[PDB]
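**Student:** Could you have a look at this structure, given as structure tokens, before my questions?
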Amino acid sequence: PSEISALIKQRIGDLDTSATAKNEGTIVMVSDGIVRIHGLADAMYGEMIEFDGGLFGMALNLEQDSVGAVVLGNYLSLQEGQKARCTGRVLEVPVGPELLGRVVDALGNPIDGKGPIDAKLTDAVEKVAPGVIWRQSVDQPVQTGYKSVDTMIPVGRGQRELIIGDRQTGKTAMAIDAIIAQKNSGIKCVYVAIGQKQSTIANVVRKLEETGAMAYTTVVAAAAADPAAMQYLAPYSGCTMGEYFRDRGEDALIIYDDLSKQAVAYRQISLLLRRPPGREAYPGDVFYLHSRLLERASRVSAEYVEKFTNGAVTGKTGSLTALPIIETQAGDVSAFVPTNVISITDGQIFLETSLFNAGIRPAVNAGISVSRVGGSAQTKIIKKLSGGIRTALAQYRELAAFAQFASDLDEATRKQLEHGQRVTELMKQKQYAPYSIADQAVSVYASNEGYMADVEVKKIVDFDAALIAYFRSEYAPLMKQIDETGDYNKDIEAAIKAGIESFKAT
Amino acid sequence: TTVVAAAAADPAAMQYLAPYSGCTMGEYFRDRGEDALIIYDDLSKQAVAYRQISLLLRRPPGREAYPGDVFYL
Amino acid sequence: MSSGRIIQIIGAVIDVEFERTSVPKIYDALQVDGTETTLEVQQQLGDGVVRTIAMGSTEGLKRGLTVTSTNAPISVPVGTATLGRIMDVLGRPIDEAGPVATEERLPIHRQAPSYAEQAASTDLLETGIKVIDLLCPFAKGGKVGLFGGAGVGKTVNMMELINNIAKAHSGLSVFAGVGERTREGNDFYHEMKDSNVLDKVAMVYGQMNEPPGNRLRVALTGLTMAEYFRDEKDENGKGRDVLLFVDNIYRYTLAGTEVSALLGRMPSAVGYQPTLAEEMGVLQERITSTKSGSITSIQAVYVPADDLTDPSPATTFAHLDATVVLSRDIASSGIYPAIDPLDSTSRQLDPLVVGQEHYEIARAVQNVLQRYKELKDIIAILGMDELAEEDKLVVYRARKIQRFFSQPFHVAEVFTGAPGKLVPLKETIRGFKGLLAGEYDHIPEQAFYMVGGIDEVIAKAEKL
Amino acid sequence: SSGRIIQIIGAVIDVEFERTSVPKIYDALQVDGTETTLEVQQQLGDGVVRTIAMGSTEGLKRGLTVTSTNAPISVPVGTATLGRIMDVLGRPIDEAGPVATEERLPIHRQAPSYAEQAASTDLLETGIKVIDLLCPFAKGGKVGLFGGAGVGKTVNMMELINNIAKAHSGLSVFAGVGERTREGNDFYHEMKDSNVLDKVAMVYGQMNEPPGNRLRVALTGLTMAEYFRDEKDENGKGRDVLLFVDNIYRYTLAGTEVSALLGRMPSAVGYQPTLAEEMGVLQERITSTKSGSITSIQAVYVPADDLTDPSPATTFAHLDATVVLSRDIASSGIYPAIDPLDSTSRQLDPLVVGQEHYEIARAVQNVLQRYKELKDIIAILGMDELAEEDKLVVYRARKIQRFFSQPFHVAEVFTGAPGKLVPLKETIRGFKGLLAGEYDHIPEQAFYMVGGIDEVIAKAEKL
Amino acid sequence: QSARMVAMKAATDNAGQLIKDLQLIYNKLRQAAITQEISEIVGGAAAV
Ligand SMILES: Nc1ncnc2c1ncn2[C@@H]1O[C@H](COP(=O)(O)OP(=O)(O)OP(=O)(O)O)[C@@H](O)[C@H]1O
Ligand SMILES: Nc1ncnc2c1ncn2[C@@H]1O[C@H](COP(=O)(O)OP(=O)(O)O)[C@@H](O)[C@H]1O
Ligand SMILES: [Mg+2]
Ligand SMILES: [Mg+2]
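Chains C, A, D, E and g supply the protein sequences, listed in that same order.
For the first sequence, counting from 1, position 245 maps to 250 in PDB author numbering; every step adds exactly one.
For the second sequence, counting from 1, position 72 maps to 293 in PDB author numbering; every step adds exactly one.
For the third sequence, counting from 1, position 238 maps to 238 in PDB author numbering; every step adds exactly one.
For the fourth sequence, counting from 1, position 444 maps to 445 in PDB author numbering; every step adds exactly one.
For the fifth sequence, counting from 1, position 33 maps to 274 in PDB author numbering; every step adds exactly one.
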């Protein structure tokens, strides 16, 4: 009731208390949300631009006598001659922890329809990478709730790692699982939808709130129908919001989805500016265009934190971990944009079509999937238990490849093939099936101990799950202790093999 | 029967335009409630000539230097 | 003043100057003052001059001729009377059934639904075609591309779909003919006419011969039709769902490429309209299920150059909720519908989605069929004798599955007097799972031909 | 005198100048508001010319004032630049105080005269079988790592720096060019763990930097090394100069980035037409002369992993030492993944390498050539349906491939197996013994991921 | 006789896999070529 009356009255007694000096430029030419404006000289490159329609613009071309710029939204209500003012202020976006549990406009406007949220801090979107003297070596793990992933391809805090595959082959589901894993960790996690179907969007959402993850979680979306400008700009904004906590010595996590759409959209936009293209219509800067955004994520120094917050902190090293997404046409890893992006990332993962077609969910082509950091984040247990197993199975792949047109097999090839089969079957999990560390720990223990080359091929996974049950029932303190630490002691493995014999007896 | 000729040495324009003419004459007898038949020859070269004209007409280039109006035509 | 005069035209392009105080926004209607030609606002060339494409021919027209505006985009009539009438792009009668009685019209270029308007749930769209019902189940607000050659009653297929949707759920149907082979369109009209299905569908064809712009816009035309119809809500709210069949959206892509050339701007990498993805999204995201009511769409598509790496199918797959293909040899085997069952795939194939037990049964069935294809070659080269016994059982049972797939139809019912087949989910699955027990190995495969439910199959076995 | 901004596009700027004062084509132009600086490139004339900026393009409006230095980009030079971390402007980034010396040197200079080249005729042993076997080196030569994206261009360099650095004693310089910051910082700290950190100097121009900064980044370090080579020791000359290039492809890419904005035309692919001449200009100021010896290592990213690209093609015309990587070899898990064939060396001389070296190498390549040829048929046909000698040669070549597979001292980071350094004598003897067939009874696994032949014996008898 | 059938079946399999290889090669090469001449055309038209 009347509370709204008092609020609106005081908000009216608040502002518009005086005239204002300002500068305008009116429209000249229009095409596809790209407009030519003449009459603004005080303008800033890429600043926010004022319009009577309530929308805004970003400045592109400072020529001698006019400006071309880009819309932020639709433009069908626009026409030449209308009024168009300048903010005199650069592109920004609200940023804050208040963003949690919210999904909003690419300009931070609540599309959830759950009330607007003020962010006492707002930051410019376009920013530069920090200084080299402030970077910190990656030293802290990130768990993906997987066996295949967490083991053979380590991923630590702050690493960038592309995920590449085909349509309906399991590309996102993986990132989603990784996020759900971070529930207990409490790390900062945030994801961006980029030019996809709102159905898919709401599916992701409903899954998240089902998990309740969407409380330490924020997501913003670029709809596939939104005019390409927002698609182009959004990932930068998401990085901006993410950097807030890394700028506070707090480890962070971002997930970029389908940068291919953003890439092609930008290609189109820039080409509409009649700029000459390079190979397959892409201009050259595209490599820079994405990479500059990618560099903004890293693990930094507490010293950098102090230089940022100048007493507002005690000093802890912050970080931000990167989850980009690029699809491959027909599995062309050598494709141009893939070639560009792999040159940028700290590592990559690729998913094999046939294994998912063969039902293997997930379906890793471990052959080419590596991390520059590798064993700097895994637990000492994991790190020591792993190390060549991914290579071993990679060579097992090529052995099997050669083993189909030749009838001779030595015992070395025989053992390699038979153990590769067991370990292959060992790397399966269900959708939404996370793992505690001891899970994959005991699995790999059994594998290396040949405790799997002895039991039934098909029964492998059943034995695995029943083993988990067996132990987490009987040995629950044991695995609790080990996974709370991440350190291994020999007596621990003694208990492990004791359980091995007891369960093999069952 | 009748035949209309667009020799290779002819200026491209008449070659470009002839098929429609022959069509019109055929439609005559279609409009005469009766039936007949028409044969279209060397439509490829026809398109070649039309492309050349369009080029000389400063018209925007198309794929394989073919503005899409060719399919429309 | 509220009109302008012709100042220059080239090709399909038309230019007219206006005064600075009166100049229309994009997509608004522009009637040539002096003829029936209509112009669509495209971009403001400044100086009172704006660029447009005419709907229809380009002759009879010369410069200086006045042309006016409506200051509003194309508005075409919407109403129940639209059914049974075939219209031009402008929604103007072409069946010679007189002008459309309904004068209630609506604008076309309108915004895609809101995020809030995204239907919060997903559920299995249903029909009576067992192979569809199981092997590629659909969802409301669904988008499936159709594949195949020619000579399989694609039209007939659609006829049965419309009959079922109007019967079971009264779901409305509309069709848009894009690049119609005019003779075929007339034939299809007569075909849907003899069947009384004519009254339950709305018809507009874009004939490929027309200026590419109207050919382009017929899509949004029918789209708006369906929008109105679904949003047209009965009592208690919750208006019926609507169905849309779109004629070879690939042709639509071609027309987009054409008009892209026409503005004289950059031809893309493979050579296409660069904005193709955006107008894709314009189509797709404007089509879905709503919080109340849904519209599902099934779209014909041809693959140019038989390749799946050219842009058009790549962009297409971003929205195809399922895959449905038509195999020629299957029709050659007299199997109807002639759908290749094994290779048509639906994204909606999860036990989370389709139901756990349903999923398991489907998985086992496809496994069996896969096995049978691995087998029939060895059979033909080595005789059925040299198989293992279970292999022979699989052979016979899979052939029984194929026969069981053969079914008459209510559209076939009028074609040849024979009661059509209507079968839902959980009606097929019972017979199928019973077949997985091999309990009908005594039952001859012939007892599964041109039959509905498994009960009917056993009745046939009795009479046979 | 001063100029005013009149247009802003991308990262290229234009300015109005008084008719009296038109600065030369290469000068520093200070933004009179900020620290931002400009270099001239084109004399657009009529009191207006075109320039690019170094640093952020933001906070910049039209009509704003800019001065000229009447001096080109001349940067601090000397040993007081060692153990320090500089920007593209040669200014400290390590925050270890301003540099000490006051000598400056312009980044631009003509190439040395023909009458000044030197006969780099000094070999080098490294410890990597494929390299020291196939690519003998000339102390002072140009060493390029032709490779795609993620083939191991950086790794192959880190290990060489380890080996090269430890085997050397004297000057050395590094210049990060348009690369991941993380790897660079990690390298810096690793060097800090060492002590030749002092002996070397750091400068990073990284991908994050604006392309204007990204362009004239090498000039700094190359000029540094040119000085130090020309910086003569008392009662002597310059010292052995260690040079290391990091994806000159980045410089090429920036030239591509700027050309269209420069009013320039688009090469046959889209590059700047001037790419060849600028690459040659760059390379020619890089040479060991009558004065001093300059040893240069080049990181060569290969776009889309293609050789027929114009830039690699031009590059071969520049590199005496050519080393090429493959994706399929890494797809086989062989680390390193250098192709034996295309990577070649003009030092491969029988009067230079010794007869046995020459002939053994030639025979090896011959064997591999037949194996690659027969790959087609063996993929088509059964391996068994072939001549016995053919199959023998096949196994020989496969064991050769394996015998190349070597652990590297820094490679144990992603594996754990300790890296190796194999003296060339062991390499030669082992390969000859293989070519002698002394080991046809030996399982092929006994050669994978190994060092010397004695290691092969140990592995086999173990197996 | 048996082993000849086996070997010929293997030959058929090798041919099929190569066939898939060749369709993919043709597709990419055709795309690249087409894009290439398109680039040439757009460069040329910019002249006059
Ligand atoms: N571990 C798993 N086991 C079984 N199925 C899985 C598993 N992980 C993912 N999937 C399935 O993979 C299917 C395809 O993946 P999904 O649709 O979630 O996104 P995507 O692979 O990125 O494709 P798109 O191109 O449509 O975005 C999903 O329907 C999901 O159920
Ligand atoms: N010597 C090696 N042996 C085996 N694997 C290696 C070796 N070097 C690198 N790898 C792996 O290959 C990856 C690529 O190496 P890198 O030199 O960084 O490639 P790029 O050319 O992109 O700079 C490394 O991150 C590492 O995981
Ligand atoms: Mg996805
Ligand atoms: Mg590299």
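All C-beta atoms, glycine included, are put in the ideal place defined by N, C-alpha and C.
To the nearest angstrom, how far is it from the Cα of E103(E) to the Cα of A168(E)?
**Tutor:** Translated into the one-based positions of the fourth sequence, residue 103(E) becomes position 102. Translated into the one-based positions of the fourth sequence, residue 168(E) becomes position 167. Cα to Cα, the separation comes out at about 32 Å.
**Student:** In whole angstroms, give me the CA-to-CA distance for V270(E) and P281(C).
**Tutor:** Mapped onto the fourth sequence, residue 270(E) falls at position 269. Mapped onto the first sequence, residue 281(C) falls at position 276. Going by the C-alpha atoms only, they are around 11 Å apart.
**Student:** CB-CB under 6 Å to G73(C), same chain, minus the five flanking residues each way: which ones, in chain order?
**Tutor:** As a working note, residue 73(C) is residue 68 in the first sequence. Excluding sequence neighbours, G73(C) sits near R41, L65 and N66.
**Student:** State yes or no: is the beta carbon of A335(C) nearer than 8 Å to at least one beta carbon in chain g?
**Tutor:** On the first sequence, position 330 is the one that residue 335(C) refers to. By the rule that beta-carbons nearer than 8 Å mark a contact, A335(C) touches chain g.
**Student:** Can you give me the start and stop residues for the alpha helix (DSSP H) that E97(C) sits inside?
**Tutor:** Against the first sequence, residue 97(C) aligns to sequence position 92. Not the alpha helix (DSSP H): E97(C) falls in the beta strand (DSSP E), residues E97 to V100.
**Student:** Taking only three categories from DSSP, how would you classify residue 538(C)?
**Tutor:** In the structure displayed, chain C extends from 6 to 511; residue 538(C) sits before or after that span and is not available.
**Student:** Hey, is the region 20-30 of chain D in contact with the region 268-280 of chain A, meaning 3+ C-beta pairs nearer than 8 Å?
**Tutor:** no
**Student:** Contact between the region 283-295 of chain E and the region 221-236 of chain E: three or more CB pairs below 8 Å?
**Tutor:** yes
**Student:** Just the chain A side, please: which residues come within less than 7 Å of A261(D) by C-beta, in chain order?
**Tutor:** Mapped onto the third sequence, residue 261(D) falls at position 261. The answer, in chain order, is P281, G283, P288 and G289.
**Student:** Taking 7 Å as the cut-off, does the CB of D350(E) come closer than this to any heavy atom belonging to ligand 1?
**Tutor:** Looking up residue 350(E) in the fourth sequence gives position 349. Flag unset: Cβ of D350(E) not near ligand 1.
**Student:** Helix, strand or coil for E17(E), going by three-state DSSP, please let me know.
**Tutor:** Within the fourth sequence, the letter at position 16 stands for residue 17(E). The answer is strand: DSSP assigns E17(E) an E or B state.
**Student:** Inspect the beta-carbon positions of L435(D) and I401(D) and report whether they are closer than 8 Å.
**Tutor:** In the third sequence, counting from the first residue as 1, residue 435(D) sits at position 435. In the third sequence, counting from the first residue as 1, residue 401(D) sits at position 401. Their beta carbons are under 8 Å apart, which means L435(D) touches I401(D) by this criterion.
**Student:** From this set, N362(C), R162(C), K152(C) and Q203(C), which residue's C-alpha is nearest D182(C)'s C-alpha?
**Tutor:** Here the question's residue 182(C) lines up with position 177 in the first sequence. Sorting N362(C), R162(C), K152(C) and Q203(C) by C-alpha distance to the C-alpha of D182(C) places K152(C) at the top.
**Student:** Considering only the beta carbon of each residue, do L326(E) and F147(E) sit closer than 8 Å?
**Tutor:** Taking the fourth sequence and counting its residues from 1, the one referred to as residue 326(E) is at position 325. Taking the fourth sequence and counting its residues from 1, the one referred to as residue 147(E) is at position 146. In this structure, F147(E) lies closer than 8 Å to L326(E) by Cβ.
**Student:** Confirm the yes/no value for this check: CB of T92(C), any heavy atom of ligand 3, distance under 7 Å.
**Tutor:** Working through the first sequence from its first residue, we reach residue 92(C) at position 87. Relative to the non-hydrogen atoms of ligand 3, the Cβ of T92(C) never comes closer than 7 Å to any of them.
**Student:** My understanding is that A227(C) touches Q236(C), with C-beta atoms under 8 Å, so please give their C-beta distance in whole angstroms.
**Tutor:** The count along the first sequence starts at 1 and reaches residue 227(C) at position 222. The count along the first sequence starts at 1 and reaches residue 236(C) at position 231. At roughly 5 Å, the Cβ-Cβ gap stays under 8 Å, so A227(C) and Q236(C) are in contact.
**Student:** By Cβ distance, which residues of its chain are closer than 6 Å to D256(C), with the 5 residues on each side in sequence left out?
**Tutor:** Here residue 256(C) is taken as the residue at index 251 of the first sequence, counted from 1. Once the five neighbours on either side are set aside, the close Cβ partners of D256(C) are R162, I192 and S324.
**Student:** Considering only the beta carbon of each residue, do residue 513(C) and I168(C) sit closer than 8 Å?
**Tutor:** Coverage of chain C is limited to positions 6 through 511, which leaves residue 513(C) absent and any answer about it impossible.
**Student:** Measure the alpha-carbon distance for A437(D) versus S452(C) and round it to whole angstroms.
**Tutor:** Along the third sequence, read from residue 1 onward, the residue named residue 437(D) stands at position 437. Along the first sequence, read from residue 1 onward, the residue named residue 452(C) stands at position 447. Spanning the two alpha carbons is a distance of roughly 38 Å.
**Student:** Do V32(D) and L61(D) have their C-beta atoms closer together than 8 Å?
**Tutor:** Numbered from 1 along the third sequence, position 32 holds the residue referred to as residue 32(D). Numbered from 1 along the third sequence, position 61 holds the residue referred to as residue 61(D). With contacts defined by Cβ atoms closer than 8 Å, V32(D) and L61(D) form a contacting pair.
**Student:** With distances taken from CA atoms, which of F175(D), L387(D), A226(D) and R217(D) is nearest residue 465(D)?
**Tutor:** Any answer about residue 465(D) is impossible in this case: the structure gives chain D only from 1 up to 464.
**Student:** How should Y309(C) be labelled, buried or exposed, when 16 other C-beta atoms within 10 angstroms of its C-beta is the threshold for buried?
**Tutor:** Stepping through the first sequence from its first residue, residue 309(C) is reached at position 304. Looking at its Cβ environment, which holds 16 or more other Cβ atoms inside 10 Å, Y309(C) is buried.
**Student:** In whole angstroms, give me the CA-to-CA distance for residue 519(C) and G118(C).
**Tutor:** Given that chain C is displayed from residue 6 to residue 511, the structure contains no residue 519(C) and the question cannot be resolved.
**Student:** Quick one: which chain E residues come within Cβ less than 7 Å of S36(C)?
**Tutor:** Here residue 36(C) refers to the residue found at position 31 when the first sequence is read from its first residue. Per Cβ cutoff of 7 Å: no residues; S36(C) is ~19 Å from chain E at best.
**Student:** Tell me whether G355(D) sits in a helix, a strand or coil according to DSSP, three-state version.
**Tutor:** Taking the third sequence and counting its residues from 1, the one referred to as residue 355(D) is at position 355. It is coil, neither helix nor strand.
**Student:** Should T333(C) be counted as a contact of ligand 1 given a C-beta to heavy atom distance under 7 Å?
**Tutor:** Taking the first residue of the first sequence as position 1, residue 333(C) is located at position 328. Outside the cutoff, so no.
**Student:** Examine chain C for any beta-carbon lying closer than 8 Å to the beta-carbon of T122(E), and answer yes or no.
**Tutor:** Translated into positions along the fourth sequence, residue 122(E) becomes position 121. Answer no: the Cβ-Cβ gap between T122(E) and chain C never drops below 8 Å.
**Student:** Under 9 Å, CB to CB, which of the residues in the region 265-285 of chain D have a partner in chain g?
**Tutor:** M266, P267, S268, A269, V270 and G271
**Student:** May I ask you to check if the CB of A150(E) is nearer than 7 Å to at least one heavy atom of ligand 4?
**Tutor:** Within the fourth sequence, the letter at position 149 stands for residue 150(E). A150(E): yes, Cβ under 7 Å from ligand 4.
**Student:** Is the beta carbon of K130(E) within less than 7 Å of some heavy atom of ligand 2?
**Tutor:** Locating residue 130(E) in the fourth sequence gives position 129, counting from the first residue. No - ligand 2 has no heavy atom lying nearer than 7 Å to the Cβ of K130(E).
**Student:** Are the CB atoms of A150(E) and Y372(E) within a distance shorter than 8 Å?
**Tutor:** As a working mapping, residue 372(E) is identified with position 371 in the fourth sequence. As a working mapping, residue 150(E) is identified with position 149 in the fourth sequence. No; because the gap between Cβ atoms is not below 8 Å, this pair is not in contact.
**Student:** Tell whether a beta-carbon distance below 8 Å holds between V197(C) and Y261(C).
**Tutor:** As a first step, residue 197(C) must be located in the first sequence, where it is residue number 192. As a first step, residue 261(C) must be located in the first sequence, where it is residue number 256. Contact: yes.
**Student:** Just reading off the beta strand (DSSP E) that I169(C) is part of, what are its end residues?
**Tutor:** Against the first sequence, residue 169(C) aligns to sequence position 164. For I169(C), the uninterrupted beta strand (DSSP E) segment begins and ends at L167 to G170.
**Student:** Decide yes or no for the touch test of the region 204-224 of chain E against the region 150-160 of chain E: beta carbon pairs closer than 8 Å, at least 3 of them.
**Tutor:** no
**Student:** Please name the residue, chosen from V174(E), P337(E), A318(E) and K140(E), that lies closest to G420(E) on a Cα-to-Cα basis.
**Tutor:** The residue you call residue 420(E) lines up with position 419 of the fourth sequence. It is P337(E).
**Student:** Which residues in chain E sit within 7 Å of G284(g), going by Cβ to Cβ distance?
**Tutor:** In the fifth sequence, the residue the question calls residue 284(g) occupies position 43. By Cβ distance, chain E contributes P267.
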